[PDB]
């Protein structure tokens, strides 16, 4: 339950084979955000009630390539990080780089939320 | 919704216009290839499908304390030149006329340390 | 500016001990005034004569002093907190013309005593960083004067 | 300048010359234009850095003129224009240490002879210790020479002008100058370590400082005791080796023969035992009397 | 006066940090 | 944050210096 077993890994490769149908190995620009919308089962995450982690994962998916493509060896390692408790099961260089990335990406999503709120004030006033 | 989203999901939803099983074909012409569970999760938030309800489901799929991201000394106020030069300059399209309209709806006090609480209060005056 | 330009030392010593006694009670008075009457400058006017009296001296032999006692009462004036001699003091630091002699006195005071704790120096350096935070808040176009005044 | 300096030192070794040089440095240094102050501090720096030690020790008013030049040089460190202040501070660095020792010896001679100018000189000397501390601006031989000079100024019962424009008798006043020297002494031992026991030199000097610090400070209407309590707390806070070395003589003289000085008194007895192995016999017993004094001098 | 109160405060800390300095068995 | 990589860099750096002084002293 703390780590992804073979049933959850099998569910991830079924949903990867079902979302990538054109058989070359990549996910294109148009369909990177539509990948985690239908993950259910033992990794049940919905559109509501988990919005902060939703926007956090949504910003983690579009930071390492500056948009565009994500490959078959990046996203599963990041979910493998996110699906386990990282406080006592991680080492010092990786934990320190992980908490620095977590702090700077939390600061960046705070900037993004206050920026879209400023946009919302622009459209509300005018 | 924005007119980009209105026109986009208009031309997405006017191709297979109600019914139930056409939702997957509209979304398949739109890019995703969902499951039956994802379908029933969309229909379990509210088969009959209309144009603004489809718009809201797609948007769903994708305050005062906010300014404390942009405040550091904790006095409850933020300098007017600093708040202006990070509001209109740090990225997206905030032109000089409409940010002059923002400064005149935000710095009616004019002290030099804009009271963002006063700003938000006038914002919801309606 | 006249009872401290009053050239008798010990009357100014009485006045600054009165200043220290009112300096001891600067926190009691948030509910001590009349309830309802809360709803329905002393620093900058005294630090100059404090360093003026530091400069002045007299041969006090009857168990009294001039520079030494003034040194000790300025210490006790700031033995509480470096920020309580800054938060009630940074409000009155906007006049550049005056600020030149102000920072000049502030140089001469630690030039006079020279031996001081190191926690207050590190926290003053931290409050200089706070001044730079204020600079981030109020960039203007200036800088050479501020960095000379600091350096 | 290297050619000009022994000729000018030959000129100032004669009568009528020191007055002209006095008026020259007065009109150059006290000017209302800051460029004259600028040029005066550079020129007095160039005279100071081309001087010798034993070549000056025969003429009186040569030493007086060089002392006034040096004290105006030290006075320009705190001038109101920042450029002259930073220039005097950085140009004080570029002086060879024998010339600064000779200048300090001339200033100590002028402190020894002239009477009415002892307020200012100590302030200048404190600035000297604050800026150029590698040269012994203050040392224990300096204090024993001033101890014998205040003894000759105290236990015994001119024509030159006053250098106060350079900046601008047996009971109290000489004793107040002694007290002022005690305050400078407490500042000295608080500031530096001054290990007189690390060398075999200055053992008799430091020993003479403690002996006569016992004798002339040991008569409860003086200004020395409260300043000694005001100083020894920072002494014990900053120094440890000489602090432990001098502690028992501090407690021998505490009551050998008052609100805020009681506050510093209890601060003193607070820092007597914070890191210090005091533990002896016939001395710790008086701490029992001390808590008796917690019900004696309060009662 | 708060001076005497702070005197008992510092005698209090004086004995709190180390009992051997003041009245170990006295 | 980045005070870890500099330690391993100076470790291999002082390894190169001790290799160099070992190759030239003998």
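Chains as they are written, first to last, in the entry's author numbering: chain A, 1459 to 1584; chain B, 5 to 21, 28 to 56, 62 to 77, 86 to 149; chain C, 1630 to 1669, 1845 to 1955; chain D, 1024 to 1180, 1222 to 1232, 1268 to 1317, 1332 to 1370, 1391 to 1432; chain E, 2020 to 2045; chain F, 801 to 826. All residues carry an ideal CB built from backbone N, CA and C; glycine is no exception.
Interface flag, residue i vs chain B, CB-CB below 8 Å
{"i": "residue 1575 (chain A)", "result": "yes"}
{"i": "residue 1580 (chain A)", "result": "yes"}
{"i": "residue 1941 (chain C)", "result": "yes"}
{"i": "residue 1496 (chain A)", "result": "yes"}
{"i": "residue 1470 (chain A)", "result": "no"}
{"i": "residue 1481 (chain A)", "result": "no"}
{"i": "residue 1500 (chain A)", "result": "no"}
Short CB-CB distance (under 8 Å) between residue i and chain C
{"i": "residue 1061 (chain D)", "result": "no"}
{"i": "residue 1153 (chain D)", "result": "yes"}
Alpha helix (DSSP H) segment containing residue i, residue limits
{"i": "residue 1225 (chain D)", "result": "Run containing residue 1225 (chain D): none; DSSP gives neither H nor E here."}
{"i": "residue 825 (chain F)", "result": "805-825"}
{"i": "residue 16 (chain B)", "result": "7-17"}
{"i": "residue 1346 (chain D)", "result": "1337-1351"}
{"i": "residue 116 (chain B)", "result": "Note, residue 116 (chain B): premise wrong, no alpha helix (DSSP H); not H, not E."}
{"i": "residue 51 (chain B)", "result": "46-53"}
{"i": "residue 70 (chain B)", "result": "66-76"}
{"i": "residue 37 (chain B)", "result": "32-40"}
{"i": "residue 1131 (chain D)", "result": "1120-1136"}
{"i": "residue 1042 (chain D)", "result": "1040-1052"}
{"i": "residue 1361 (chain D)", "result": "1354-1365"}
{"i": "residue 1934 (chain C)", "result": "1922-1941"}
{"i": "residue 1475 (chain A)", "result": "1464-1477"}
{"i": "residue 1517 (chain A)", "result": "1509-1518"}
Beta-bridge pairing of residue i - partner residues as DSSP gives them
{"i": "residue 137 (chain B)", "result": "B:101"}
{"i": "residue 1528 (chain A)", "result": "A:1485"}
Interface flag, residue i vs chain A, CB-CB below 8 Å
{"i": "residue 36 (chain B)", "result": "no"}
{"i": "residue 801 (chain F)", "result": "yes"}
{"i": "residue 97 (chain B)", "result": "no"}
{"i": "residue 56 (chain B)", "result": "no"}
{"i": "residue 146 (chain B)", "result": "yes"}
{"i": "residue 804 (chain F)", "result": "yes"}
{"i": "residue 109 (chain B)", "result": "no"}
{"i": "residue 45 (chain B)", "result": "yes"}
{"i": "residue 75 (chain B)", "result": "yes"}
{"i": "residue 7 (chain B)", "result": "no"}
beta-carbon residue i near the ligand NAD non-hydrogen atom, thresh 7 Å
{"i": "residue 1926 (chain C)", "result": "With respect to the ligand NAD, the structure offers nothing, as it holds no ligand at all."}
is_contact[residue i, chain D] using C-beta, thresh 8 Å
{"i": "residue 2044 (chain E)", "result": "no"}
{"i": "residue 1845 (chain C)", "result": "no"}
{"i": "residue 2028 (chain E)", "result": "no"}
{"i": "residue 1861 (chain C)", "result": "yes"}
Residue-level contact to chain I via CB, residue i, 8 Å cutoff
{"i": "residue 1311 (chain D)", "result": "The structure shown has no chain I; the protein chains it does contain are A, B, C, D, E and F."}
Neighbour flag for residue i against chain E, beta carbons, 8 Å
{"i": "residue 1392 (chain D)", "result": "yes"}
{"i": "residue 1395 (chain D)", "result": "yes"}
Contact list for the segment 1332-1363 of chain D against chain E, Cβ threshold 7 Å: none
- request: Count the CB pairs spanning the segment 136-143 of chain B and the segment 1846-1863 of chain C that are closer than 8 Å, and state whether there are at least three.
  value: no
message: Contact between the segment 1085-1094 of chain D and the segment 1039-1048 of chain D is defined here as three or more beta-carbon pairs at a separation below 8 Å; is this criterion met?
response: yes
Stretch-stretch touch, CB-based, cutoff 8 Å, three pairs: the segment 1062-1076 of chain D with the segment 1117-1128 of chain D: yes
- prompt: So does the segment 1286-1305 of chain D actually touch the segment 1854-1874 of chain C, counting three or more Cβ pairs closer than 8 Å?
  reply: no
- prompt: Residues in the segment 1503-1534 of chain A with C-beta within 7 Å of chain B's C-beta atoms, listed in sequence order?
  reply: 1505
query: Is there contact between the segment 1351-1362 of chain D and the segment 1269-1276 of chain D, where contact requires at least three CB pairs shorter than 8 Å?
result: no
field: Chain-ordered residues of the segment 1546-1557 of chain A with a beta carbon less than 7 Å from chain F
entry: 1551 and 1554
- prompt: Do three or more CB pairs link the segment 1553-1569 of chain A to the segment 1525-1533 of chain A at distances below 8 Å?
  reply: no
Short-range partners of chain D found in the segment 1915-1938 of chain C, where Cβ spacing is below 7 Å: 1915, 1918 and 1919
- prompt: Using 8 Å as the threshold, is the segment 1935-1949 of chain C in touch with the segment 1125-1135 of chain D, meaning 3 or more CB pairs across them?
  reply: no
- prompt: Is it a yes or a no for the segment 1419-1426 of chain D touching the segment 1505-1519 of chain A, going by three-plus beta-carbon pairs under 8 Å?
  reply: no
message: Counting beta carbon pairs with one atom in the segment 1095-1111 of chain D and one in the segment 1054-1063 of chain D, are three or more of them shorter than 8 Å?
response: yes
The segment 1300-1308 of chain D touching the segment 1158-1173 of chain D, judged by at least three CB pairs closer than 8 Å: yes
message: If contact is defined by three or more beta carbon pairs under 8 Å, each pair taking one atom from either stretch, is the segment 1916-1928 of chain C in contact with the segment 1875-1886 of chain C?
response: yes
- request: Check each residue of the segment 1100-1114 of chain D: if its Cβ is closer than 8 Å to any Cβ of chain C, include it; give the result in chain order.
  value: 1101, 1103 and 1105
query: Which residues, taken in chain order from the segment 1158-1170 of chain D, show a beta carbon closer than 9 Å to some beta carbon of chain C?
result: none
- prompt: Would you call the segment 1033-1042 of chain D and the segment 120-130 of chain B in contact, with 3 or more CB pairs under 8 Å?
  reply: no
- request: Return the residues of the segment 1402-1421 of chain D that lie within a Cβ-Cβ distance of less than 7 Å from chain E, sorted by chain order.
  value: 1403 and 1406
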